[PDB]
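Reviewing the structure listed below.
Every number here is computed from the coordinates shown, using simple stated rules; none is lab data. Cβ coordinates were reconstructed from backbone atoms using ideal geometry, including for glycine residues, and neighbour counts include every protein chain displayed.
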Amino acid sequence: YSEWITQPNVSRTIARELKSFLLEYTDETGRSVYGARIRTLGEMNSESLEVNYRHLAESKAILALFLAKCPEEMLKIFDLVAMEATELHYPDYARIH
Amino acid sequence: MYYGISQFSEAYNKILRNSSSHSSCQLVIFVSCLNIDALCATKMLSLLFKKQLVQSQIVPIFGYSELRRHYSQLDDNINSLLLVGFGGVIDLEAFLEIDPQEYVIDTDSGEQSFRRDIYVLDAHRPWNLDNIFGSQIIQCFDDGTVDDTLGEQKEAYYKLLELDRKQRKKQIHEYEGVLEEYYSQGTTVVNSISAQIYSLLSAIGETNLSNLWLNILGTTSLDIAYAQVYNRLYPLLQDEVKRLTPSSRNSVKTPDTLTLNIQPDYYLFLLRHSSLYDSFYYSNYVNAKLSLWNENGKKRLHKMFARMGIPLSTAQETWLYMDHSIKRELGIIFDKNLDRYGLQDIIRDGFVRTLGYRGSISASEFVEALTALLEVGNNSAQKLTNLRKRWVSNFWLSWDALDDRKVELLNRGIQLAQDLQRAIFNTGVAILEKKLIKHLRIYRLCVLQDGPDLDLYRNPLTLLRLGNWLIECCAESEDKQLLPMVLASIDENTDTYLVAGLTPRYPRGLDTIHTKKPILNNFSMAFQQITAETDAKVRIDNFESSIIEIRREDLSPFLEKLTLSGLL
């Protein structure tokens with residue numbers, strides 16, 4: 001399993017799905033609560049990026065199981081997707097963190 | 001047209017020859033307290049006189065009756081008295097109650113020589129012709145701009161002078177109607193006193209960098225009161241700068257070298273010498289645009305700051321301590337972001353001057369420091385005389401600060417400006433959250449009863465600054481139309497209310513034609529009307545008609561009359 005996750009091809013596909021549900025997946029609301037946390041943490045000017053682990057299993061859950069099994073690499077992927085969301089919602093919020 | 005623009009130099013030479021006595025002083029200077037442009041003009045006159053070595057006494061005044069009693073104190077031999085921007089509209093001669101026949105020496109051909117000749121340069125617009133033309137002792141410097149436009153009014157006034165029949169009666173009545181047409185008009189200013197003073201200097205050709213610099217400062221002071229006038233005079237100031245720019249280009253900065261630049265300025269108080277966050281924080285225009293008074297204002301401020309990508313702790317730290325690597329890029333960053341927020345109109349070119357390695361100081365920063373030093377540099381009527389003395393002292397302190405060597409005093413005024421902006425912000429947010437404004441659809445009414453700094457607030461300039469901030473806040477709220485601004489403050493030491501009647505003002509950047517027409521302060525006429533009948537013992541001795549001191553108990557009937565008054 002971990003060797004399969006190690007493939008950067010798999011990692012990039014997961015990155016695509018991660019960016020997809022990050023803003024596109026607006027669970028139970030007309031707006032993505034994760035997108036709401038984005039640029040709010042930007043306003044807070046912090047680095048945490050809380051997820052709650054929910055709306056993840058609720059969002060097709062394959063990413064959820066993948067994380068639960070082999071986190072570290074897709075945590076790094078989450079950090080990357082955080083970078084793109086960062087500069088997206090707040091341009092220039094890069095190089096702050 | 002008592003004094004032609006070109007004839008200003010001729011009048012100046014006449015004043016010289018009248019007071020051409022190095023042995024004996026024949027010149028006295030009377031200046032309105034609490035006016036930046038007045039201080040600039042006084043500096044102008046002082047430098048001119050020290051060029052001519054003419055003996056002179058300089059006196060700061062705040063009250064009209066103070067002017068009268070001082071004039072009583074004055075010796076008749078003084079053939080030269082100058083007035084700076086105060087009382088021009090009111091008939092000073094009537095206020096002075098002078099007899100020209102006493103004053104005229106050798107009436108005969110006819111010439112009018114007086115042992116005291118009083119020359120009045122006024123910034124106020126109504127410009128009473130009888131004040132201008134009733135007495136030759138009253139010497140009025142005329143911009144011409146009002147005077148030529150007053151040609152119909154001037155000829156009507158002349159006809160009234162001639163006629164002292166039904167057809168002639170109705171003609172006189174029509175002339176009186178015209179008088180009332182330019183009467184009942186809220187006085188304003190269209191000419192920064194420094195501007196025409198420097199024009200006269202150019203006529204004499206004695207202009208230096210400092211003269212133009214001080215003219216810039218006076219105009220910048222006028223900017224908030226009349227933005228459009230500042231904008232109109234701005235190209236003239238820039239052109240004169242070019243006229244006086246040194247030939248040397250981009251020379252290495254050395255302590256001897258002093259340079260004044262025309263570079264983009266951001267409508268943030270003390271921006272260079274304060275931080276970024278704070279400069280945004282107490283900026284009245286920024287506050288009104290962002291509603292910073294409320295918590296959501298702060299939220300939006302943090303959002304926009306992060307939009308520039310500026311780290312917070314970096315933002316609250318001072319501009320001077322900022323790394324230049326970001327400091328250079330700031331302007332384009334705002335260009336990219338302010339527009340997205342609509343805050344782009346705040347960027348505009350300004351005059352910032354530097355000397356040696358002291359640093360560059362905005363003219364806006366300079367005038368803010370001057371205003372601060374004026375405000376807080378230092379029975380009940382006796383207490384009010386004490387406050388007038390302290391205000392004169394603050395005037396002298398600001399005068400002294402204009403000198404280059406008192407950079408330390410300038411920094412003190414800077415600190416006072418920071419503190420005053422902070423306190424004004426606190427008071428404004430307090431009244432806004434508590435909704436202490438109570439608009440009566442004739443005028444938005446707020447009053448000061450509780451809270452600290454009322455002693456600071458009863459200082460007229462502090463009240464004026466708070467009024468400007470609240471006018472800016474209301475105007476940026478375009479949902480509610482422009483309405484008169486009335487503000488009343490209490491002093492427990494005097495136990496009577498302090499009132500200033502602020503005319504409504506368009507938001508900055510409002511170049512629409514309906515915003516081109518200025519607003520006239522109906523407050524002044526209402527106050528004069530109340531003084532005329534059923535007066536509540538208000539004080540109008542102050543050179544500002546809008547600012548009025550009233551018994552706290554008698555203010556409620558005053559408000560009732562204001563509601564009754566239809567001119568508001």
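Suppose we keep just the DSSP beta bridges with both residues in chain B; what percent of those would be antiparallel, to 5?
60 percent
How would region B:5-246 be classified by its alpha-carbon gyration tensor: rounded, prolate or oblate, with rounded meaning a/c under 1.5 and the a/b versus b/c comparison settling the rest?
oblate
Taking H as built 1.01 Å from N, whose amide H comes closer than 5 Å to the amide H of B:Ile58, not counting residues under 5 places away?
Those lying under 5 Å, H to H, from B:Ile58 are B:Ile29.
In debye to the nearest 20, how big a dipole does the protein assembly as shown give about its Cα centre with +1 on each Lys and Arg Cβ and -1 on each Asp and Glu Cβ?
The dipole of the protein assembly as shown has a size of about 1320 debye.
Is region B:515-565 rounded, prolate or oblate when judged by the Cα gyration tensor, a ≥ b ≥ c being the square roots of its eigenvalues, rounded requiring a/c under 1.5 and prolate requiring a/b larger than b/c?
Taking the square roots of the gyration eigenvalues as a ≥ b ≥ c, region B:515-565 is prolate.
With +1 assigned to the C-beta of every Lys and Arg and -1 to the C-beta of every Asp and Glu, and no other charges, what is the dipole magnitude of region B:362-568 about the Cα centre in debye, to the nearest 20?
Charge dipole of region B:362-568: 320 debye, to the nearest 20.
Only helical DSSP H runs with n ≥ 4 go in: add -39500 (n - 2.57) per run for chain B, normalise by residue count and round the 222 nm mean residue ellipticity to 500 deg cm²/dmol.
It comes out at -16000 deg cm²/dmol, rounded to the nearest 500.
Rounded to the nearest 5, what % of DSSP beta bridges with both residues in region B:5-246 are antiparallel?
Roughly 10 percent of the beta bridges in region B:5-246 run antiparallel, per DSSP.
Taking B:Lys561 as the anchor, which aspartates and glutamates have their alpha carbon closer than 12 Å to its alpha carbon, excluding any fewer than eight residues away along the same chain?
Excluding near neighbours in sequence, the set is B:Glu533, B:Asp535.
Just from its helices, what would the mean residue ellipticity at 222 nm be for chain A, if runs of 4 or more DSSP H residues each count -39500 (n - 2.57) and the sum is divided by every residue, rounded to the nearest 500 deg cm²/dmol?
Here the helix-only value at 222 nm equals -15500 deg cm²/dmol.
So what J values fall out for region B:403-417 if you push phi through Karplus, 6.51 cos²θ - 1.76 cosθ + 1.60 with θ = phi - 60°, rounded to Hz, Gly and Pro as x?
Per residue, the Karplus-derived 3J(HN,Hα) values read 4, 5, 4, 8, 4, 4, 5, 4, 5, 4, x, 4, 5, 4, 5 Hz.
Once each part is reduced to its C-alpha centroid, what is the distance from region B:327-365 to region B:375-389 in angstrom?
Cα centroid to Cα centroid, the span is 38 Å.
Work out the charge dipole of region B:273-343 with +1 on the Cβ of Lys and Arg and -1 on the Cβ of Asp and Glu about the Cα centre, then indicate which of B:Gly331, B:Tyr281, B:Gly342 is farthest towards its positive end.
With unit charges placed on the Cβ atoms, the residue in question is B:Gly342.
Hey, how many Å between the Cα centroid of region B:496-568 and the Cα centroid of region B:57-71?
Going from one Cα centre to the other spans 24 Å.
At what distance in angstrom do the alpha carbon centres of region B:238-289 and region A:41-90 lie from each other?
Value for the Cα centre distance between the two parts: 45 Å.
Set the bar at 23 Å for Cα to Cα. Now go through A:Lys76/B:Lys299; B:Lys253/B:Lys406; B:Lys480/B:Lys516; B:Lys336/B:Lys480; B:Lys383/B:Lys435; B:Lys434/B:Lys480 and name every pair that lies beyond it.
In this structure, A:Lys76/B:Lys299; B:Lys336/B:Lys480; B:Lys383/B:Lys435 lie more than 23 Å apart at Cα.
Rounded, prolate or oblate: which fits chain B when a ≥ b ≥ c are the square roots of the eigenvalues of the alpha-carbon gyration tensor, with rounded for a/c under 1.5 and prolate only if a/b beats b/c?
Because a/c hits 1.5 or more and a/b fails to exceed b/c, chain B counts as oblate.
Relative to the Cα centre, what is the charge dipole magnitude of chain B, using +1 at the beta carbon of each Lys and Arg, -1 at the beta carbon of each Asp and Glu, and rounding to the nearest 20 debye?
The calculated dipole for chain B is roughly 1760 debye.
Beta carbons within 10 angstrom, averaged per residue: use that to sort the peptides B:153-162, B:114-123, highest first.
Highest-to-lowest ranking by the protection proxy: B:114-123, B:153-162.
To the nearest 0.05, what FRET efficiency results for B:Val252 and B:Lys298 with a Förster distance of 41 Å applied to their C-beta separation?
Result of the calculation: an efficiency of 0.40.
Under 19 Å from a point placed 7 Å out from the Cα of B:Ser65 along the Cα-to-Cβ direction: which residues of region B:519-544 have their backbone N that close?
B:527-544
Which of B:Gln196, B:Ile431, B:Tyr71 sits closest to the plus end of the dipole of the protein assembly as shown, meaning its Cα is farthest towards the positive end, when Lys and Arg get +1 and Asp and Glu get -1 on the C-beta?
Toward the positive end, the furthest listed residue is B:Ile431.
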